[PDB]
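Letters go in sequence order (proteins before strands), and every chain restarts at 1. Basis for what follows: all heavy atoms, side chains included, without hydrogens, waters or symmetry-related copies.
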Amino acid sequence: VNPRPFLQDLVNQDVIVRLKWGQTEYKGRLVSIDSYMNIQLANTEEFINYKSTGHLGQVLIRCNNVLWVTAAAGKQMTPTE
Amino acid sequence: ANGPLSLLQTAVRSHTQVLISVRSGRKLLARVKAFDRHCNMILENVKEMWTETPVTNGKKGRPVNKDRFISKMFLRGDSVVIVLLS
Amino acid sequence: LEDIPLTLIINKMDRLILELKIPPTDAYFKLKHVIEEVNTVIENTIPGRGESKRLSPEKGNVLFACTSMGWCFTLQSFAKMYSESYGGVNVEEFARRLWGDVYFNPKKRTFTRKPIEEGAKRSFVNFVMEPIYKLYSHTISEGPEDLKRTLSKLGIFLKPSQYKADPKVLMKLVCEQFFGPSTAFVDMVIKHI
Amino acid sequence: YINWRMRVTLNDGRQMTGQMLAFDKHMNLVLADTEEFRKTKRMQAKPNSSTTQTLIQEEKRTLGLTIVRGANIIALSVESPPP
Amino acid sequence: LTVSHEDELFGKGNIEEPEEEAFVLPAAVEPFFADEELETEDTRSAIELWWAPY
Amino acid sequence: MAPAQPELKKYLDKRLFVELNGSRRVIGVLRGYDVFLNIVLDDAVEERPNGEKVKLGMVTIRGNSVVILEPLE
Amino acid sequence: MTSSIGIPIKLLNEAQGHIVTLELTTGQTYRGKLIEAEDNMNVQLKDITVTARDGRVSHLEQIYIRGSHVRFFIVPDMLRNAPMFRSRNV
Amino acid sequence: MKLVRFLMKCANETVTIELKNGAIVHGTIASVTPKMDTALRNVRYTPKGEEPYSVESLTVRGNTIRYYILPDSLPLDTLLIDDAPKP
Amino acid sequence: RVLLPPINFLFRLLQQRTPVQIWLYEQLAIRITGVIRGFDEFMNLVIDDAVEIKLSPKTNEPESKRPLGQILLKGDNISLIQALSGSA
């Protein structure tokens, strides 16, 4: 699958968005996305270092802040040993 | 016009506050006036706070949530970590 | 015999266009005849190593010039004109495929030893020799407003007095705006001498 | 503003000084008869005084003509009118 | 010619540039005039007046 | 205007060292590149500052990560 | 629009062939004969004297340097006196 | 519509600009380029923990401009109106 | 000689579905091992069955592993691509 149709597949679906700084990650029901990778997120909850730091609401993430994005289909955030 | 542009335009229309974490490790609470295709931000009633550790006489002290108030503010799109429409 | 390195300057291409009035394909054949005659004298002076001293436009030691109109080009410099106009061509490969018995099939964008259609144009004719013919023909033939239209399509601009100037001075001005200075000659001498 | 004397401050904290010649759309700075300043704060600890005076030594060196990369200029201060 | 220019460009009897390199121009590339036709109606008289006396 | 293709024609199929940011050393031989100078190396052997050589295979490196090229012969 | 080239870039083009001394974002000063410089300021050198900020002095041949990772260049006074600094009015 | 052009036509004030790495500059704007490279007059400038400098003029690159602070007396609405022709 | 573009290399590794080891820029301790799913003009690699590996900070050996499923990996974040030759 191509990355752009993968992104519209992730549209209206729960995603795990991990940033490039401080091991920040987000649980988030994605709403929509544009052609230059700016994530419109809802039900945003934030983890630092795989610990619970808390829910924020509905946010917007820029291109330049993201390390990677995956789907949230049964994926756990405990650090695997 | 169906995504981040919609959120920024909704913030512009509703004149509601946003909480912005930015790449200097800083936190911002301010209202929304205008935005562009680069998502550069123009701000009002801005409350800026940050974490500063004062180095008292060579020893690491407890952190300070140091904050200031700025009346009018302009922000650049590439300096953002996260914006939350509160 | 003194083993001095040799480059070639084929001059008076305006005599090709305006005196002989031969079509561009026959102009290519005339140029090929002159270059092969020079190389024939080279070979008949040093048998067996004139090919080591071979002069040909695709190597870049042949310069086509008109000195009464102040212009010169190599195939590499003419492909560099194409690079600066249309953007992103590989100039040395384009010049190599510009000289010779090769042909440009347009819709395939291919260079083949034989044409894909009976009567398709050579690469040199199609990309070099016909544009110079059309530059001359439309410069001396068209009125000032039509000429302004054509040269503005190419990106060539003059003052309107220069547009209404005499055909020979106008032709020299348009050639200066088209070809530019003698950077082709300087490149040829730097590379091959 | 061309051919004035300039001091340019660069992102690590350096200074490049002298006579500037040209520029471009990228504001790449070409500048002539240059001497360079490093503001190295050296801890010249005197043997008699316990206060370590961190003296900002501005060391200099002449180089000639610079071509400063346009993604590196921070500050440009005008010094004198052209001669 | 021990090696010809066309033979070095194609190879003996290929009558085609081999597909491993297969140099192709960009689609935007066209001859410099292309749509202006080679010879205006008045080019005969333009050349004749080129050679007319003062 | 289109970006210019790099002048790496001397570096095709060449026994050469590559320096990358973070002092990552990659000893490789070219097979091809692009206008973004994404250096593709076969039979590559990479190297860390302590002096250890490991075999990677037929690999590529992004041009922005590519910093310095040094041929050996 | 027709793309023009910057004066420092064409100064590098005129500096090709001379002994240029440049330095780079890791604080590294390289000296040698420049053989090709492009519009994105990617350069090569051939007789390089190397002084790296960790105190490393060396000498080698035929290095490639990225224009993003370069900091600046140093070229002679004849290249100051080059003809392109004479602004030809058109 | 360009906020760069917006800043062009709401420039020329004693504004407060925080640099990309942590310096502060303050004065009267001369001009702003399409590449956001502003120019300031009657400048005074505080670097990172060092002595301030007061100079006549100082140009700042657009990317080096991190943060921008306008004076509180700016006519925001009539400087945020649009005047560009619609294509 | 055959001159192979990096994009053609990406396309043929996609069609052969080889395992891919991805190194990230200025991150000497974080790597991603997965199965290629596709790319684009910005060479953003969607990766399948990917495991992130945090290496040891001293011996540079794989310390911790974490599978993460199917991941969009950003093109500028991707630094080095290595086609891991499987033992067949």
Side-chain angles (χ1 to χ4, degrees), chain A residues 3-70 72 77, chain B residues 1-44 46-53 60 63 65 67 73-86:
Chain A
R4 304 294 104 185
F6 176 68
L7 275 188
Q8 290 90 22
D9 194 1
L10 292 192
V11 165
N12 290 318
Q13 201 261 329
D14 195 5
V15 295
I16 316 166
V17 178
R18 190 250 195 273
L19 296 199
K20 55 202 289 289
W21 303 317
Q23 298 192 0
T24 307
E25 70 91 18
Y26 303 92
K27 300 289 94 175
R29 206 267 307 168
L30 199 150
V31 175
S32 55
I33 199 165
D34 45 356
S35 55
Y36 192 50
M37 65 182 179
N38 312 314
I39 303 169
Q40 179 55 53
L41 210 64
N43 297 115
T44 302
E45 199 272 334
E46 192 271 328
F47 280 3
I48 282 292
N49 203 357
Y50 302 106
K51 272 80 73 176
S52 174
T53 55
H55 181 75
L56 277 296
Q58 49 99 30
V59 306
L60 168 54
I61 310 296
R62 200 55 51 187
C63 64
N64 53 7
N65 307 117
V66 184
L67 189 51
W68 52 263
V69 171
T70 194
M77 295 298 102
Chain B
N2 293 284
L5 305 186
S6 289
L7 184 145
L8 291 191
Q9 208 171 29
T10 317
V12 161
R13 293 165 273 188
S14 58
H15 310 290
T16 59
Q17 286 187 342
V18 292
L19 206 66
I20 311 169
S21 186
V22 288
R23 302 175 56 145
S24 50
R26 288 190 174 183
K27 186 175 181 288
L28 277 297
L29 182 137
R31 288 198 190 270
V32 182
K33 291 200 304 299
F35 77 106
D36 48 352
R37 58 179 180 191
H38 190 251
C39 303
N40 284 8
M41 185 64 72
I42 313 168
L43 306 88
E44 271 184 318
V46 191
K47 198 69 163 63
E48 179 173 20
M49 72 291 291
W50 57 92
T51 313
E52 265 187 20
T53 58
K60 192 77 167 177
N65 199 352
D67 45 351
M73 186 66 204
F74 177 73
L75 188 137
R76 195 161 157 252
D78 69 333
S79 303
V80 193
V81 175
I82 184 171
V83 65
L84 166 70
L85 177 64
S86 66

Chain B contact via A:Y26 - which portion, at a heavy-atom distance below 4.5 Å: side chain
Option passing side chain to side chain contact (heavy atoms under 4.5 Å, CB included) with B:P4 (candidates A:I33, A:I39, A:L60, A:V31): A:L60
Nearest heavy atoms of B:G3 and A:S32, plus distance in Å: CA-OG, 3.4 Å
Exceeds 12 heavy-atom contacts within 6.0 angstrom, atom CZ of B:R23: yes
Euclidean distance, A:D34 CG relative to B:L5 CG, rounded to 0.5 Å: 6.5 Å
Interatomic spacing from CD1 in B:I82 to OG1 in A:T44 - rounded to 0.5 Å: 6.0 Å
Close side-chain approach of A:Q58 to B:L7, heavy-atom, < 4.5 Å: yes
Proximal component of B:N2, with respect to chain A [non-hydrogen, under 4.5 Å]: backbone
From OG (B:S21) to CH2 (A:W21), nearest 0.5 Å: 9.5 Å
Taking every non-hydrogen atom, the tightest pair across B:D78 and A:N64: O-ND2, 3.0 Å
A:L19 vs B:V81 side-chain heavy atoms within contact, under 4.5 Å: yes
